[PDB]
>>> print(open('start_21.txt').read())   # compact mmCIF, N, CA and C atoms
# COMPACT_ATOMS: atom_id res chain seq x y z
N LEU M 1 66.63 159.45 99.54
CA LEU M 1 66.12 158.64 98.45
C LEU M 1 66.41 157.17 98.69
N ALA M 2 65.96 156.32 97.76
CA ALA M 2 66.30 154.91 97.76
C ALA M 2 67.33 154.55 96.71
N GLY M 3 67.63 155.45 95.77
CA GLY M 3 68.63 155.15 94.76
C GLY M 3 69.99 154.88 95.35
N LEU M 4 70.37 155.63 96.38
CA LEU M 4 71.59 155.34 97.10
C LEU M 4 71.39 154.22 98.12
N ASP M 5 70.15 153.96 98.51
CA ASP M 5 69.86 152.81 99.37
C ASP M 5 69.87 151.52 98.58
N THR M 6 69.21 151.51 97.42
CA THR M 6 69.15 150.29 96.62
C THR M 6 70.53 149.89 96.11
N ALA M 7 71.36 150.88 95.77
CA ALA M 7 72.70 150.57 95.28
C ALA M 7 73.53 149.89 96.36
N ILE M 8 73.28 150.21 97.63
CA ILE M 8 74.05 149.59 98.70
C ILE M 8 73.55 148.18 98.98
N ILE M 9 72.23 147.99 98.96
CA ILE M 9 71.68 146.65 99.13
C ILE M 9 72.08 145.76 97.95
N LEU M 10 72.26 146.37 96.78
CA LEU M 10 72.66 145.61 95.60
C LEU M 10 74.03 144.96 95.81
N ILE M 11 75.03 145.76 96.18
CA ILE M 11 76.38 145.23 96.36
C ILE M 11 76.39 144.14 97.43
N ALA M 12 75.64 144.35 98.51
CA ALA M 12 75.60 143.36 99.58
C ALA M 12 75.03 142.04 99.08
N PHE M 13 73.86 142.09 98.44
CA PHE M 13 73.23 140.86 97.98
C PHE M 13 74.05 140.18 96.89
N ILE M 14 74.84 140.94 96.14
CA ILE M 14 75.65 140.33 95.09
C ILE M 14 76.79 139.53 95.70
N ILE M 15 77.34 140.01 96.82
CA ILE M 15 78.44 139.29 97.46
C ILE M 15 77.94 137.98 98.05
N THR M 16 76.78 138.00 98.71
CA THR M 16 76.26 136.77 99.29
C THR M 16 75.93 135.75 98.21
N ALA M 17 75.67 136.21 96.99
CA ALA M 17 75.49 135.28 95.88
C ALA M 17 76.82 134.69 95.46
N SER M 18 77.89 135.49 95.51
CA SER M 18 79.21 134.97 95.17
C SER M 18 79.67 133.93 96.18
N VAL M 19 79.45 134.19 97.47
CA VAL M 19 79.85 133.23 98.50
C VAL M 19 79.06 131.94 98.36
N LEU M 20 77.77 132.06 98.03
CA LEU M 20 76.95 130.87 97.85
C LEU M 20 77.47 130.02 96.70
N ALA M 21 77.89 130.66 95.61
CA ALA M 21 78.44 129.92 94.48
C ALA M 21 79.80 129.33 94.82
N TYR M 22 80.61 130.07 95.58
CA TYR M 22 81.93 129.60 95.98
C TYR M 22 81.84 128.27 96.72
N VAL M 23 80.87 128.16 97.63
CA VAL M 23 80.73 126.94 98.42
C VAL M 23 80.04 125.86 97.60
N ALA M 24 79.00 126.23 96.84
CA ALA M 24 78.23 125.24 96.10
C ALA M 24 79.07 124.57 95.02
N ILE M 25 79.94 125.33 94.36
CA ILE M 25 80.80 124.73 93.34
C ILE M 25 81.83 123.82 94.00
N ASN M 26 82.42 124.28 95.10
CA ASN M 26 83.43 123.48 95.79
C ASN M 26 82.86 122.14 96.23
N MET M 27 81.69 122.16 96.87
CA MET M 27 81.06 120.91 97.28
C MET M 27 80.66 120.08 96.07
N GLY M 28 80.42 120.73 94.93
CA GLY M 28 80.11 119.99 93.72
C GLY M 28 81.28 119.16 93.23
N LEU M 29 82.47 119.76 93.21
CA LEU M 29 83.64 119.03 92.74
C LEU M 29 84.09 118.00 93.77
N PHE M 30 83.80 118.24 95.05
CA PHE M 30 84.28 117.34 96.09
C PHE M 30 83.53 116.02 96.06
N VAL M 31 82.20 116.07 96.14
CA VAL M 31 81.41 114.84 96.16
C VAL M 31 81.53 114.10 94.84
N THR M 32 81.84 114.83 93.77
CA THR M 32 82.00 114.19 92.46
C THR M 32 83.31 113.42 92.39
N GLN M 33 84.42 114.07 92.72
CA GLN M 33 85.71 113.40 92.69
C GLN M 33 85.75 112.24 93.68
N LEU H 1 69.34 122.35 92.88
CA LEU H 1 70.39 121.71 92.11
C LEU H 1 70.20 120.20 92.11
N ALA H 2 70.27 119.60 90.93
CA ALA H 2 70.19 118.15 90.79
C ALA H 2 71.55 117.52 90.58
N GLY H 3 72.62 118.25 90.87
CA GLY H 3 73.97 117.76 90.66
C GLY H 3 74.60 117.14 91.89
N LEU H 4 74.43 117.79 93.04
CA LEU H 4 75.01 117.26 94.27
C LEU H 4 74.30 115.99 94.72
N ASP H 5 72.97 116.03 94.80
CA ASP H 5 72.23 114.87 95.29
C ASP H 5 72.42 113.67 94.37
N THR H 6 72.40 113.89 93.06
CA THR H 6 72.58 112.79 92.13
C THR H 6 73.93 112.12 92.33
N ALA H 7 74.97 112.91 92.62
CA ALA H 7 76.28 112.33 92.88
C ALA H 7 76.25 111.46 94.13
N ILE H 8 75.52 111.88 95.16
CA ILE H 8 75.39 111.07 96.36
C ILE H 8 74.44 109.90 96.12
N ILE H 9 73.33 110.15 95.43
CA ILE H 9 72.45 109.06 95.01
C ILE H 9 73.24 108.05 94.19
N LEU H 10 74.11 108.53 93.31
CA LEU H 10 74.96 107.64 92.53
C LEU H 10 75.84 106.80 93.44
N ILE H 11 76.63 107.45 94.30
CA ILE H 11 77.60 106.71 95.10
C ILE H 11 76.89 105.83 96.12
N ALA H 12 75.69 106.22 96.54
CA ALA H 12 74.92 105.37 97.45
C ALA H 12 74.55 104.05 96.78
N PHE H 13 74.33 104.09 95.46
CA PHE H 13 73.92 102.88 94.76
C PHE H 13 75.12 102.11 94.21
N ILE H 14 76.18 102.80 93.81
CA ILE H 14 77.37 102.10 93.36
C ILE H 14 77.98 101.30 94.50
N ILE H 15 77.87 101.82 95.73
CA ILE H 15 78.24 101.03 96.90
C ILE H 15 77.38 99.79 97.01
N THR H 16 76.07 99.93 96.78
CA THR H 16 75.17 98.80 96.90
C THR H 16 75.51 97.71 95.88
N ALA H 17 75.80 98.11 94.64
CA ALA H 17 76.18 97.14 93.63
C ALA H 17 77.46 96.41 94.02
N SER H 18 78.35 97.10 94.73
CA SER H 18 79.59 96.47 95.16
C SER H 18 79.32 95.39 96.20
N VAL H 19 78.46 95.68 97.17
CA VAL H 19 78.18 94.70 98.22
C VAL H 19 77.43 93.51 97.66
N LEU H 20 76.50 93.73 96.73
CA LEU H 20 75.79 92.61 96.12
C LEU H 20 76.72 91.76 95.28
N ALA H 21 77.56 92.40 94.46
CA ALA H 21 78.55 91.66 93.69
C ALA H 21 79.48 90.88 94.61
N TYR H 22 79.79 91.44 95.78
CA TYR H 22 80.68 90.78 96.73
C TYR H 22 80.13 89.42 97.15
N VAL H 23 78.88 89.40 97.62
CA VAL H 23 78.29 88.15 98.08
C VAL H 23 77.83 87.29 96.91
N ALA H 24 77.76 87.87 95.70
CA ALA H 24 77.36 87.08 94.54
C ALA H 24 78.49 86.18 94.07
N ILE H 25 79.65 86.77 93.78
CA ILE H 25 80.78 85.97 93.31
C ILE H 25 81.24 85.02 94.40
N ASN H 26 81.10 85.42 95.66
CA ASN H 26 81.44 84.52 96.76
C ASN H 26 80.53 83.31 96.78
N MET H 27 79.28 83.49 96.35
CA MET H 27 78.33 82.38 96.32
C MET H 27 78.75 81.33 95.31
N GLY H 28 79.00 81.76 94.07
CA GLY H 28 79.40 80.81 93.05
C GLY H 28 80.75 80.18 93.34
N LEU H 29 81.72 81.00 93.74
CA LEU H 29 83.06 80.49 94.02
C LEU H 29 83.05 79.39 95.06
N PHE H 30 82.03 79.37 95.92
CA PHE H 30 81.93 78.32 96.93
C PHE H 30 81.25 77.07 96.38
N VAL H 31 80.06 77.24 95.81
CA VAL H 31 79.23 76.08 95.47
C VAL H 31 79.92 75.21 94.43
N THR H 32 80.53 75.82 93.41
CA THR H 32 81.22 75.02 92.40
C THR H 32 82.36 74.23 93.01
N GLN H 33 83.09 74.83 93.95
CA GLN H 33 84.13 74.08 94.65
C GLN H 33 83.51 73.02 95.55
>>> encode(input="start_21.txt", output="structure tokens")
Amino acid sequence: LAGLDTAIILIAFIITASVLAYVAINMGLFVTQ
Amino acid sequence: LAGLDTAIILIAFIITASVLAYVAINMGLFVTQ
């Protein structure tokens, strides 16, 4: 099925969103300060 | 995002105001003397 496939792609794509926010926020506070 | 670029756009122009103010006050401080 894809239900177990989609759930795995979900966790992966969610982490890459967290890393993107981790860097984007950091660079936000850096150039601001 | 309009937050990072604006901060750089900001600092790019605040630098410009500093250099113009630099040669501005230097202009008056000379001619009056």
>>> closest_atom_pairs(input="start_21.txt", of="chain M", to="chain H", cutoff="7 Å", atoms="all atoms listed in the file", output="JSON lines")
{"residue": "M:27", "atom": "C", "partner": "H:4", "partner_atom": "CA", "distance": 6.6}
{"residue": "M:28", "atom": "CA", "partner": "H:4", "partner_atom": "CA", "distance": 5.8}
{"residue": "M:31", "atom": "C", "partner": "H:7", "partner_atom": "CA", "distance": 5.9}
{"residue": "M:32", "atom": "CA", "partner": "H:7", "partner_atom": "CA", "distance": 6.0}
>>> atom_distance(input="start_21.txt", atom1="atom C of residue 18 in chain M", atom2="CA of residue 30 in chain M")
17.2 Å
>>> calpha_fit_rmsd(input="start_21.txt", fixed="chain M", moving="chain H")
0.4 Å
>>> atom_distance(input="start_21.txt", atom1="CA of residue 13 in chain H", atom2="CA of residue 21 in chain M")
27.4 Å
>>> atom_distance(input="start_21.txt", atom1="CA of residue 25 in chain M", atom2="CA of residue 15 in chain H")
24.1 Å
>>> select_by_dssp(input="start_21.txt", residues="chain H", states="alpha helix (DSSP H)", output="tab-separated table (two decimals) with N, CA and C atoms, in the frame of the given file")
chain	number	residue	atom	x	y	z
H	4	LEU	N	74.43	117.79	93.04
H	4	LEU	CA	75.01	117.26	94.27
H	4	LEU	C	74.30	115.99	94.72
H	5	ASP	N	72.97	116.03	94.80
H	5	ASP	CA	72.23	114.87	95.29
H	5	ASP	C	72.42	113.67	94.37
H	6	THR	N	72.40	113.89	93.06
H	6	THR	CA	72.58	112.79	92.13
H	6	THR	C	73.93	112.12	92.33
H	7	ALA	N	74.97	112.91	92.62
H	7	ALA	CA	76.28	112.33	92.88
H	7	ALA	C	76.25	111.46	94.13
H	8	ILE	N	75.52	111.88	95.16
H	8	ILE	CA	75.39	111.07	96.36
H	8	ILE	C	74.44	109.90	96.12
H	9	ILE	N	73.33	110.15	95.43
H	9	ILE	CA	72.45	109.06	95.01
H	9	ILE	C	73.24	108.05	94.19
H	10	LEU	N	74.11	108.53	93.31
H	10	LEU	CA	74.96	107.64	92.53
H	10	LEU	C	75.84	106.80	93.44
H	11	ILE	N	76.63	107.45	94.30
H	11	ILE	CA	77.60	106.71	95.10
H	11	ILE	C	76.89	105.83	96.12
H	12	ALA	N	75.69	106.22	96.54
H	12	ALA	CA	74.92	105.37	97.45
H	12	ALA	C	74.55	104.05	96.78
H	13	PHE	N	74.33	104.09	95.46
H	13	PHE	CA	73.92	102.88	94.76
H	13	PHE	C	75.12	102.11	94.21
H	14	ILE	N	76.18	102.80	93.81
H	14	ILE	CA	77.37	102.10	93.36
H	14	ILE	C	77.98	101.30	94.50
H	15	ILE	N	77.87	101.82	95.73
H	15	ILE	CA	78.24	101.03	96.90
H	15	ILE	C	77.38	99.79	97.01
H	16	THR	N	76.07	99.93	96.78
H	16	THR	CA	75.17	98.80	96.90
H	16	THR	C	75.51	97.71	95.88
H	17	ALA	N	75.80	98.11	94.64
H	17	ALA	CA	76.18	97.14	93.63
H	17	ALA	C	77.46	96.41	94.02
H	18	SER	N	78.35	97.10	94.73
H	18	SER	CA	79.59	96.47	95.16
H	18	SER	C	79.32	95.39	96.20
H	19	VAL	N	78.46	95.68	97.17
H	19	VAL	CA	78.18	94.70	98.22
H	19	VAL	C	77.43	93.51	97.66
H	20	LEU	N	76.50	93.73	96.73
H	20	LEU	CA	75.79	92.61	96.12
H	20	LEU	C	76.72	91.76	95.28
H	21	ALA	N	77.56	92.40	94.46
H	21	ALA	CA	78.55	91.66	93.69
H	21	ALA	C	79.48	90.88	94.61
H	22	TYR	N	79.79	91.44	95.78
H	22	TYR	CA	80.68	90.78	96.73
H	22	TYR	C	80.13	89.42	97.15
H	23	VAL	N	78.88	89.40	97.62
H	23	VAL	CA	78.29	88.15	98.08
H	23	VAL	C	77.83	87.29	96.91
H	24	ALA	N	77.76	87.87	95.70
H	24	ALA	CA	77.36	87.08	94.54
H	24	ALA	C	78.49	86.18	94.07
H	25	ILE	N	79.65	86.77	93.78
H	25	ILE	CA	80.78	85.97	93.31
H	25	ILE	C	81.24	85.02	94.40
H	26	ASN	N	81.10	85.42	95.66
H	26	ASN	CA	81.44	84.52	96.76
H	26	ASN	C	80.53	83.31	96.78
H	27	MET	N	79.28	83.49	96.35
H	27	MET	CA	78.33	82.38	96.32
H	27	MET	C	78.75	81.33	95.31
H	28	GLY	N	79.00	81.76	94.07
H	28	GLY	CA	79.40	80.81	93.05
H	28	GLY	C	80.75	80.18	93.34
H	29	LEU	N	81.72	81.00	93.74
H	29	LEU	CA	83.06	80.49	94.02
H	29	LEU	C	83.05	79.39	95.06
H	30	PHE	N	82.03	79.37	95.92
H	30	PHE	CA	81.93	78.32	96.93
H	30	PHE	C	81.25	77.07	96.38
H	31	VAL	N	80.06	77.24	95.81
H	31	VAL	CA	79.23	76.08	95.47
H	31	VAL	C	79.92	75.21	94.43
>>> build_atoms(input="start_21.txt", residues="range 15-31 of chain H", atoms="N, CA, C and O atoms", output="PDB file, in the coordinates of the input")
ATOM      1  N   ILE H  15      77.870 101.820  95.730  1.00  0.00           N
ATOM      2  CA  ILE H  15      78.240 101.030  96.900  1.00  0.00           C
ATOM      3  C   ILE H  15      77.380  99.790  97.010  1.00  0.00           C
ATOM      4  O   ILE H  15      77.874  98.688  97.291  1.00  0.00           O
ATOM      5  N   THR H  16      76.070  99.930  96.780  1.00  0.00           N
ATOM      6  CA  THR H  16      75.170  98.800  96.900  1.00  0.00           C
ATOM      7  C   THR H  16      75.510  97.710  95.880  1.00  0.00           C
ATOM      8  O   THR H  16      75.526  96.522  96.206  1.00  0.00           O
ATOM      9  N   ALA H  17      75.800  98.110  94.640  1.00  0.00           N
ATOM     10  CA  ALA H  17      76.180  97.140  93.630  1.00  0.00           C
ATOM     11  C   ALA H  17      77.460  96.410  94.020  1.00  0.00           C
ATOM     12  O   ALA H  17      77.638  95.236  93.689  1.00  0.00           O
ATOM     13  N   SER H  18      78.350  97.100  94.730  1.00  0.00           N
ATOM     14  CA  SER H  18      79.590  96.470  95.160  1.00  0.00           C
ATOM     15  C   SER H  18      79.320  95.390  96.200  1.00  0.00           C
ATOM     16  O   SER H  18      79.891  94.291  96.134  1.00  0.00           O
ATOM     17  N   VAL H  19      78.460  95.680  97.170  1.00  0.00           N
ATOM     18  CA  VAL H  19      78.180  94.700  98.220  1.00  0.00           C
ATOM     19  C   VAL H  19      77.430  93.510  97.660  1.00  0.00           C
ATOM     20  O   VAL H  19      77.670  92.366  98.078  1.00  0.00           O
ATOM     21  N   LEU H  20      76.500  93.730  96.730  1.00  0.00           N
ATOM     22  CA  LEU H  20      75.790  92.610  96.120  1.00  0.00           C
ATOM     23  C   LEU H  20      76.720  91.760  95.280  1.00  0.00           C
ATOM     24  O   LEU H  20      76.694  90.527  95.351  1.00  0.00           O
ATOM     25  N   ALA H  21      77.560  92.400  94.460  1.00  0.00           N
ATOM     26  CA  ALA H  21      78.550  91.660  93.690  1.00  0.00           C
ATOM     27  C   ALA H  21      79.480  90.880  94.610  1.00  0.00           C
ATOM     28  O   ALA H  21      79.916  89.781  94.264  1.00  0.00           O
ATOM     29  N   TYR H  22      79.790  91.440  95.780  1.00  0.00           N
ATOM     30  CA  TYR H  22      80.680  90.780  96.730  1.00  0.00           C
ATOM     31  C   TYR H  22      80.130  89.420  97.150  1.00  0.00           C
ATOM     32  O   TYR H  22      80.818  88.401  97.052  1.00  0.00           O
ATOM     33  N   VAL H  23      78.880  89.400  97.620  1.00  0.00           N
ATOM     34  CA  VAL H  23      78.290  88.150  98.080  1.00  0.00           C
ATOM     35  C   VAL H  23      77.830  87.290  96.910  1.00  0.00           C
ATOM     36  O   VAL H  23      77.522  86.106  97.079  1.00  0.00           O
ATOM     37  N   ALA H  24      77.760  87.870  95.700  1.00  0.00           N
ATOM     38  CA  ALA H  24      77.360  87.080  94.540  1.00  0.00           C
ATOM     39  C   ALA H  24      78.490  86.180  94.070  1.00  0.00           C
ATOM     40  O   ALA H  24      78.322  84.965  93.958  1.00  0.00           O
ATOM     41  N   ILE H  25      79.650  86.770  93.780  1.00  0.00           N
ATOM     42  CA  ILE H  25      80.780  85.970  93.310  1.00  0.00           C
ATOM     43  C   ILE H  25      81.240  85.020  94.400  1.00  0.00           C
ATOM     44  O   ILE H  25      81.721  83.914  94.114  1.00  0.00           O
ATOM     45  N   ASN H  26      81.100  85.420  95.660  1.00  0.00           N
ATOM     46  CA  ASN H  26      81.440  84.520  96.760  1.00  0.00           C
ATOM     47  C   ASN H  26      80.530  83.310  96.780  1.00  0.00           C
ATOM     48  O   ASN H  26      80.941  82.208  97.156  1.00  0.00           O
ATOM     49  N   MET H  27      79.280  83.490  96.350  1.00  0.00           N
ATOM     50  CA  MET H  27      78.330  82.380  96.320  1.00  0.00           C
ATOM     51  C   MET H  27      78.750  81.330  95.310  1.00  0.00           C
ATOM     52  O   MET H  27      78.846  80.142  95.625  1.00  0.00           O
ATOM     53  N   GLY H  28      79.000  81.760  94.070  1.00  0.00           N
ATOM     54  CA  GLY H  28      79.400  80.810  93.050  1.00  0.00           C
ATOM     55  C   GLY H  28      80.750  80.180  93.340  1.00  0.00           C
ATOM     56  O   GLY H  28      80.916  78.967  93.221  1.00  0.00           O
ATOM     57  N   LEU H  29      81.720  81.000  93.740  1.00  0.00           N
ATOM     58  CA  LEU H  29      83.060  80.490  94.020  1.00  0.00           C
ATOM     59  C   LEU H  29      83.050  79.390  95.060  1.00  0.00           C
ATOM     60  O   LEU H  29      83.956  78.553  95.100  1.00  0.00           O
ATOM     61  N   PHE H  30      82.030  79.370  95.920  1.00  0.00           N
ATOM     62  CA  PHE H  30      81.930  78.320  96.930  1.00  0.00           C
ATOM     63  C   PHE H  30      81.250  77.070  96.380  1.00  0.00           C
ATOM     64  O   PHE H  30      81.796  75.969  96.461  1.00  0.00           O
ATOM     65  N   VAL H  31      80.060  77.240  95.810  1.00  0.00           N
ATOM     66  CA  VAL H  31      79.230  76.080  95.470  1.00  0.00           C
ATOM     67  C   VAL H  31      79.920  75.210  94.430  1.00  0.00           C
ATOM     68  O   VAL H  31      79.916  73.973  94.539  1.00  0.00           O
TER      69      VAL H  31
END
